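Notes follow the structure.
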Amino acid sequence: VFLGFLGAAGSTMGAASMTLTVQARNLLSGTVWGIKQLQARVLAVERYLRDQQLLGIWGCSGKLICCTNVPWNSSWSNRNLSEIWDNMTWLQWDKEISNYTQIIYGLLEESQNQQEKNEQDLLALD
Amino acid sequence: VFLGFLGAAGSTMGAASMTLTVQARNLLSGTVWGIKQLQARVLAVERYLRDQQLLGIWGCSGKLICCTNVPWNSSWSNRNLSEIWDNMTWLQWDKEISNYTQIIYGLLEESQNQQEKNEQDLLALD
Amino acid sequence: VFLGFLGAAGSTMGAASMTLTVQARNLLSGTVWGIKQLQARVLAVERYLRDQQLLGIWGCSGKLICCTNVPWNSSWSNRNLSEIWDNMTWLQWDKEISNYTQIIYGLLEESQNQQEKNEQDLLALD
Amino acid sequence: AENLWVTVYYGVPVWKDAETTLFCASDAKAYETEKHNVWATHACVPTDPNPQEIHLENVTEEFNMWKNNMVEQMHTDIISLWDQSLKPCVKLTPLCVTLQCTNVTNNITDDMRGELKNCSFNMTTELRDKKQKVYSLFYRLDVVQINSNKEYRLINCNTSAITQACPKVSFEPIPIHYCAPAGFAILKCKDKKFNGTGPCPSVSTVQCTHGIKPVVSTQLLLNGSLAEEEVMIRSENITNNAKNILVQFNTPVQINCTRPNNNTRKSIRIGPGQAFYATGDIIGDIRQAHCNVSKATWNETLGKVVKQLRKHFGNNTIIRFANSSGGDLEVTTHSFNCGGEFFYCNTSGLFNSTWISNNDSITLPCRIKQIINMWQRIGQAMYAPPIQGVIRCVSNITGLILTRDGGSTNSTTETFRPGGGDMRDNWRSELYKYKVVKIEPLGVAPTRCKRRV
Amino acid sequence: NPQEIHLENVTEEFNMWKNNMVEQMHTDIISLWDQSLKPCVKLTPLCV
Ligand SMILES: *[C@@H]1O[C@H](CO)[C@@H](O[C@@H]2O[C@H](CO)[C@@H](O[C@@H]3O[C@H](CO[C@H]4O[C@H](CO)[C@@H](O)[C@H](O)[C@@H]4O)[C@@H](O)[C@H](O[C@H]4O[C@H](CO)[C@@H](O)[C@H](O)[C@@H]4O[C@H]4O[C@H](CO)[C@@H](O)[C@H](O)[C@@H]4O)[C@@H]3O)[C@H](O)[C@H]2NC(C)=O)[C@H](O)[C@H]1NC(C)=O
Ligand SMILES: *[C@@H]1O[C@H](CO)[C@@H](O[C@@H]2O[C@H](CO)[C@@H](O[C@@H]3O[C@H](CO[C@H]4O[C@H](CO)[C@@H](O)[C@H](O)[C@@H]4O)[C@@H](O)[C@H](O[C@H]4O[C@H](CO)[C@@H](O)[C@H](O)[C@@H]4O)[C@@H]3O)[C@H](O)[C@H]2NC(C)=O)[C@H](O)[C@H]1NC(C)=O
Ligand SMILES: *[C@@H]1O[C@H](CO)[C@@H](O[C@@H]2O[C@H](CO)[C@@H](O[C@@H]3O[C@H](CO)[C@@H](O)[C@H](O[C@H]4O[C@H](CO)[C@@H](O)[C@H](O)[C@@H]4O)[C@@H]3O)[C@H](O)[C@H]2NC(C)=O)[C@H](O)[C@H]1NC(C)=O
Ligand SMILES: *[C@@H]1O[C@H](CO)[C@@H](O[C@@H]2O[C@H](CO)[C@@H](O[C@@H]3O[C@H](CO)[C@@H](O)[C@H](O)[C@@H]3O)[C@H](O)[C@H]2NC(C)=O)[C@H](O)[C@H]1NC(C)=O
Ligand SMILES: *[C@@H]1O[C@H](CO)[C@@H](O[C@@H]2O[C@H](CO)[C@@H](O)[C@H](O)[C@H]2NC(C)=O)[C@H](O)[C@H]1NC(C)=O
Ligand SMILES: *[C@@H]1O[C@H](CO)[C@@H](O[C@@H]2O[C@H](CO)[C@@H](O)[C@H](O)[C@H]2NC(C)=O)[C@H](O)[C@H]1NC(C)=O
Ligand SMILES: *[C@@H]1O[C@H](CO)[C@@H](O[C@@H]2O[C@H](CO)[C@@H](O)[C@H](O)[C@H]2NC(C)=O)[C@H](O)[C@H]1NC(C)=O
Ligand SMILES: *[C@@H]1O[C@H](CO)[C@@H](O[C@@H]2O[C@H](CO)[C@@H](O)[C@H](O)[C@H]2NC(C)=O)[C@H](O)[C@H]1NC(C)=O
Ligand SMILES: *[C@@H]1O[C@H](CO)[C@@H](O[C@@H]2O[C@H](CO)[C@@H](O)[C@H](O)[C@H]2NC(C)=O)[C@H](O)[C@H]1NC(C)=O
Ligand SMILES: *[C@@H]1O[C@H](CO)[C@@H](O[C@@H]2O[C@H](CO)[C@@H](O)[C@H](O)[C@H]2NC(C)=O)[C@H](O)[C@H]1NC(C)=O
Ligand SMILES: *[C@@H]1O[C@H](CO)[C@@H](O[C@@H]2O[C@H](CO)[C@@H](O)[C@H](O)[C@H]2NC(C)=O)[C@H](O)[C@H]1NC(C)=O
Ligand SMILES: *[C@@H]1O[C@H](CO)[C@@H](O)[C@H](O)[C@H]1NC(C)=O
Ligand SMILES: *[C@@H]1O[C@H](CO)[C@@H](O)[C@H](O)[C@H]1NC(C)=O
Ligand SMILES: *[C@@H]1O[C@H](CO)[C@@H](O)[C@H](O)[C@H]1NC(C)=O
Ligand SMILES: *[C@@H]1O[C@H](CO)[C@@H](O)[C@H](O)[C@H]1NC(C)=O
Ligand SMILES: *[C@@H]1O[C@H](CO)[C@@H](O)[C@H](O)[C@H]1NC(C)=O
Ligand SMILES: *[C@@H]1O[C@H](CO)[C@@H](O)[C@H](O)[C@H]1NC(C)=O
Ligand SMILES: *[C@@H]1O[C@H](CO)[C@@H](O)[C@H](O)[C@H]1NC(C)=O
Ligand SMILES: *[C@@H]1O[C@H](CO)[C@@H](O)[C@H](O)[C@H]1NC(C)=O
Ligand SMILES: *[C@@H]1O[C@H](CO)[C@@H](O)[C@H](O)[C@H]1NC(C)=O
Ligand SMILES: *[C@@H]1O[C@H](CO)[C@@H](O)[C@H](O)[C@H]1NC(C)=O
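Structural data, given as structure tokens:
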């Protein structure tokens, strides 16, 4: 089944995780009034590389999905595994964790691949 | 030997596969009439990221070469291994598979890394 | 400790290697006179993808740090391990190897991932 | 295990309301109309032959037609469109000469009040020496006397400069699709009953909106999108009598407008290069422009609206319709464009009714002005060139712009009058089902998954 | 130091009469002519 772009928006996070390769595909899409679209499509790739840079500096690079070595703090809306992926939408979820989104981002780019990759340089010399 | 940009264009696919890192290098390259090049070099990076996005959503990301778990359908010009890499150029080859290029692309972005990476999330939790 | 953008510029290379994820973060950052910033921020992403392309065609892709199979030629300022990372800054170091920077780059993009990845295609078929 | 770990997801259906730079789209047949770039379609992106509309199941998104930025963007686009089209056009700077005008050739009565003026004046030729004694034909609304015979002047000479619209371009409204750039999307409300504000049960996403023709008009909404089922009534604040009431029709009201005057285009030469298009003598009878509305259709449509008005102003109340209070000509009359001319019709025959709790055509007196100043703009006056032959146009009355009085006596009766002025309202009648959102595909979520060492 | 790579074994069909570089160059020289005459002196009162 292919609901299309933003298809599983009202679906659970677990269900919408199957439609990840759909919203990612149509995310980049390939005299005045003509400069209207130029300045817009320039911001389009800047918006793309911005997320890609974050996706790269973290322990991901490879898009879609990736795991990280960061313990989930209970203060970030303590829900259960079956209460998140099977009883909540991504829109509804992003509304709660929005307060801690900037906090989590810092624990991914700094605490991980700066300490993890440097750790690997010590493990690869032997 | 270094034939240069588009050097092994008339060479076999097997031979031209040695010149992959050459066409990839010169692919990005680093008042009116000055806006002529601006709108052009903007399309240059959009054309680059477009292929890079496809190269990323597939089971590749790492450029140049990568393998995939997709069986070659005989309907896509049934040729042999020694009849493709040692008796056909990339220009001549792209002319035949052009009909099925859009079809193959769908089997790489959707059928693979959406089902493969999700499969890994089940294998990495244990 | 977080000295900030370009923080460990006067620090040793070994010490400044801890601040790699800091200079990388603020490297992309998200009628006339308004076109002044447009043409500038276009060059900003072209400058980014240029380094990212080199970082990709080499045996890296994954940013920050990565190793390579290239022997360090003594002609490139013969210093010792403890005399580089603990007695020299990145600014001071780049000044000496500047003569051989273009030379080293060629040994990374051509000699490696063009011969290494092709080698892997032979190792992955069996 | 039992302790969760964060996992980065890329490509999650997560969006938030925002504002961005929208670009255009207008088919491929519209570009074949050519005629030296009519209106806007010059470097506009061709519309996708097979557009896609994804119905977002289970999704309820709140819309706001009164706080939608697509309108403020479209409005600034049409205005800038107007200026770019008049830049390479002929400037009528030396047309402010003293005009020795007289009545048009006809036979009385004294109630005909002239209307048409036969103005004779001096004019600069190609050479910078000898002048030119040529005559033209201006409307009374275009001229104004100043104090021997009657001497006049152009009505804009004491207000601003004047430039003549090029005869190559046309003011024919063509469908324009508004699209959002990559990373953005446009949501579309698909319920049959929606007052433009509140949560929407059936929401779908699109890349480009439907073909929205930029028809500039007042009082009567022309060539718009018809409503579903019952006619719709939308207002930012119904309790506030200062807020306009946008009406949308279900069944279109057939309207016919004509210009019963075979005009002649005199092309006097104000060289070198520039050329002014005057109005020659009139071939035939001296008749005035008019608009017809089928009495049968208008009676049912108005009666269908008042039944919806009682749903907001009490079930058993009296609704009375009255004409405009007064002011500018663009506000008191039905201003619109047909065949290049700018009509100004008397709407005292459409809003002359009184509704209690329970076969021909309506002709409307229409005036014509050549020198206009739309969008409340000062500094740029456009002289619309005369059009040869009788002009006929058939349009759709698809909505009204009504205003309510403050005289109250509120719990008794209510009076509604036609309004307009702000052209931003005209776009809201088509952009009520669209809003701009940005996609943020980066979402973090916990799961019992950990990486390697 | 311009580079010219000779594509060995390659046979490509050209068409000087259906080449778009001409239509692009032509529109360039024309636009070039207009931009160079915009800040120039207009001889409007020379038609005496
Ligand atoms: C709401 O929507 C309706 C429906 O779309 C719309 O009605 C349209 O009215 C306009 C008038 O304002 C019509 O436009 C003109 O139509 C006449 C008559 O067309 C006949 O011929 C065609 C074949 O070509 C038949 O298919 C058709 O049925 C008619 O029999 C045309 O003659 C007009 O052409 C002139 O104007 C064009 C644009 O302005 C120019 O491109 C064209 O070259 C013509 O300009 C010149 O023509 C002569 C040279 O040949 C020259 O001598 C003249 O001086 C002039 O400079 C024009 O197309 C339109 O057709 C109607 N729509 C439909 C579907 O028929 C309402 O106007 C609209 N309401 C509002 C408020 O916008
Ligand atoms: C707005 O106002 C303008 C005035 O500025 C009017 O323009 C004038 O219109 C009148 C028509 O009533 C014109 O008068 C006519 O001029 C003709 C020109 O004569 C030509 O032919 C002779 C040879 O016969 C040549 O020698 C000469 O050089 C010309 O080439 C006359 O032929 C006409 O005569 C006819 O009418 C009279 C009426 O009494 C008859 O007795 C005659 O037998 C004959 O049938 C006539 O005199 C005048 O020339 C126009 N002037 C200008 C400057 O254009 C507009 O008509 C008016 N428009 C409106 C809508 O009111
Ligand atoms: C040119 O214009 C003049 C205008 O001055 C016009 O002459 C006028 O004609 C009207 C009638 O057409 C006259 O009005 C009449 O007034 C008397 C009262 O004194 C009435 O009794 C008349 O009624 C009769 O005529 C009506 C005409 O429609 C009939 O409908 C009615 O049933 C009666 O039979 C009429 O109202 C007016 O007095 C004159 N004015 C002058 C100054 O003479 C002339 O006809 C016009 N010519 C052309 C060719 O257009
Ligand atoms: C003025 O309003 C009338 C409505 O009475 C408009 O006529 C209608 O035009 C629409 C298209 O805009 C027609 O819809 C079409 O229906 C066919 C039926 O299969 C469908 O295949 C098409 O895809 C399209 O949806 C509609 O049929 C037609 N009404 C009638 C009775 O024929 C008219 O176009 C309006 N004029 C304007 C806006 O200028
Ligand atoms: C057009 O210009 C001429 C000038 O050539 C005007 O003719 C003069 O009019 C003035 C009064 O307006 C008289 O005093 C002169 O005797 C006239 N003749 C000349 C100056 O040679 C004519 O009136 C103008 N027509 C207009 C303004 O409609
Ligand atoms: C330009 O001229 C017009 C027309 O004469 C002026 O409009 C008049 O404004 C006064 C305001 O006191 C009204 O009483 C008149 O009825 C208006 N005239 C018409 C024909 O509508 C306008 O004020 C002038 N602008 C100036 C002098 O700046
Ligand atoms: C407005 O004009 C249209 C056409 O210009 C009229 O529709 C015509 O109606 C008559 C009946 O009286 C039919 O014989 C014609 O075939 C119709 N024409 C078309 C093209 O369908 C319409 O009746 C007019 N309405 C008003 C109020 O004047
Ligand atoms: C609205 O309609 C009324 C008629 O009901 C108009 O009132 C007339 O105005 C004229 C002025 O031109 C007077 O000579 C009449 O005596 C008035 N009639 C009545 C019954 O009062 C009014 O002018 C119209 N207003 C608009 C803006 O159209
Ligand atoms: C619009 O129409 C109305 C009514 O048809 C006009 O009002 C008339 O005004 C004149 C004076 O100008 C009076 O002699 C009439 O008695 C009025 N008619 C009625 C029915 O009262 C009005 O003048 C027209 N024009 C405008 C601009 O409103
Ligand atoms: C609105 O329509 C009514 C008719 O329903 C008009 O009433 C006219 O009133 C005058 C005197 O007040 C009579 O001489 C007319 O005979 C009436 N008309 C009819 C058709 O009988 C009223 O004038 C209209 N209002 C406007 C502003 O036009
Ligand atoms: C308006 O008048 C013009 C002429 O002033 C008419 O044009 C004529 O049209 C007929 C056929 O329609 C041709 O045979 C003539 O040669 C035309 N004359 C000129 C001078 O071009 C035009 O037809 C009139 N308009 C209408 C609706 O009849
Ligand atoms: C979790 O959040 C709380 C705030 O409620 C904070 O005090 C605590 O330090 C956080 N945990 C970690 C490991 O930072
Ligand atoms: C996020 O923080 C704001 C104030 O900072 C608070 O009002 C809101 O309730 C918080 N979100 C949740 C889901 O509690
Ligand atoms: C291979 O192509 C044929 C068309 O000739 C098609 O019927 C078949 O389904 C394709 N194979 C697969 C696995 O889809
Ligand atoms: C590709 O398809 C077209 C028609 O769709 C056909 O004419 C052509 O021969 C096909 N290509 C090959 C190599 O057969
Ligand atoms: C190292 O540099 C010297 C130049 O001093 C050069 O001759 C030599 O070939 C280089 N080594 C390699 C392996 O290329
Ligand atoms: C680099 O080369 C230049 C001349 O090519 C030379 O002057 C300079 O000393 C060299 N750098 C070092 C560190 O020796
Ligand atoms: C024009 O006609 C009107 C009609 O009311 C009249 O008052 C005026 O005197 C006439 N003027 C001329 C110059 O004929
Ligand atoms: C609408 O108007 C009323 C009174 O005119 C006012 O009290 C109210 O705040 C306004 N806004 C609403 C109801 O949203
Ligand atoms: C038709 O209009 C007249 C007035 O013009 C009105 O009295 C009558 O009620 C209307 N009929 C209907 C069915 O609305
Ligand atoms: C008005 O009364 C009608 C019945 O005549 C009813 O259908 C409608 O719902 C009522 N509107 C209200 C109460 O707002």
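Chains as they are written, first to last, in the authors' numbering: chain B, 518 to 547, 569 to 664; chain B', 518 to 547, 569 to 664; chain B'', 518 to 547, 569 to 664; chain G, 31 to 141, 150 to 185, 187 to 309, 312 to 321, 321A, 322 to 398, 411 to 505; chain G', 80 to 127. A prime marks a further copy of an entry chain.
Even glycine gets a Cβ: it sits at the ideal position worked out from N, Cα and C.
Around residue 582 of chain B', no beta-carbon contact reaches into chain G at under 9 angstroms, the shortest distance being about 16 angstroms. For residue 151 of chain G, the distance from the CB to the nearest heavy atom of ligand 18 is below 7 angstroms. Sixteen is the threshold: when 16 or more other Cβ atoms of the shown chains lie within 10 Å of the Cβ of residue 374 of chain G, as they do, the residue is buried. Distances from the CB of residue 372 of chain G to the heavy atoms of ligand 8 include at least one below 7 angstroms.
Here residue 662 of chain B'' is exposed, its C-beta having fewer than 16 other C-beta atoms within 10 Å. Taking C-beta atoms as the reference points, residue 606 of chain B and residue 530 of chain B fail to come closer than 8 angstroms. Taking 8 angstroms as the threshold, the shortest C-beta distance from residue 662 of chain B'' to chain B' falls below it. In this structure, residue 317 of chain G places its C-beta atom within 8 angstroms of the C-beta atom of residue 309 of chain G. Close partners of residue 578 of chain B in chain G (Cβ separation under 9 angstroms): 50, 51, 52, 53, 219, 220, 221 and 223. With fewer than 16 neighbouring CB atoms inside 10 Å of its own CB, residue 519 of chain B' falls in the exposed class. Within the chosen limit of 7 angstroms, ligand 12 does not reach the beta carbon of residue 607 of chain B with any heavy atom. For residue 632 of chain B', the closest Cβ of chain G is not nearer than 8 angstroms. One thing to note: residue 580 of chain B'' has its Cβ within 8 angstroms of the Cβ of residue 580 of chain B. What you get when you keep residues with a C-beta closer than 5 angstroms to any heavy atom of ligand 9 is G:386 and G:388. A distance below 7 angstroms between beta-carbons, with the five flanking residues on each side excluded, links residue 388 of chain G to the following residues of its chain, in chain order: 363. Under DSSP, the beta-bridge partners assigned to residue 417 of chain G are G:330. Short of 6 angstroms from the beta carbon of residue 165 of chain G, and not among the five residues preceding or following it, lies no beta carbon of its own chain. Of the candidates B'':538, B'':620, B'':614 and B'':590, B'':590 places its Cα closest to the Cα of residue 601 of chain B'. Taking 7 angstroms as the Cβ-Cβ cut-off, the segment 602-621 of chain B' approaches chain B'' at 602, 603 and 605, given in chain order. By the 16-neighbour rule on beta-carbons within 10 angstroms, residue 95 of chain G' is exposed. Where residue 635 of chain B is concerned, the enclosing alpha helix (DSSP H) starts and stops at 628-635.
It is roughly 8 angstroms from the alpha-carbon of residue 647 of chain B' to the alpha-carbon of residue 597 of chain B'. In this structure, residue 101 of chain G' has its beta carbon at no less than 7 angstroms from each heavy atom of ligand 6. By the Cβ-count criterion, residue 116 of chain G' is exposed, with fewer than 16 other Cβ atoms from all chains shown falling within 10 Å of its own Cβ. In the structure shown, residue 580 of chain B adopts helical secondary structure according to DSSP, grouped into three states. Ligand 19 has no heavy atom closer than 7 angstroms to the beta-carbon of residue 295 of chain G. Around the C-beta of residue 487 of chain G, 16 or more other C-beta atoms lie within 10 Å, and the residue is accordingly described as buried. With 16 or more other Cβ atoms inside 10 Å of its own Cβ, residue 528 of chain B counts as buried. DSSP places residue 320 of chain G within a strand segment (E or B) once states are collapsed to three.
Annotation: the continuous beta strand (DSSP E) that includes residue 490 of chain G extends over 486-491.
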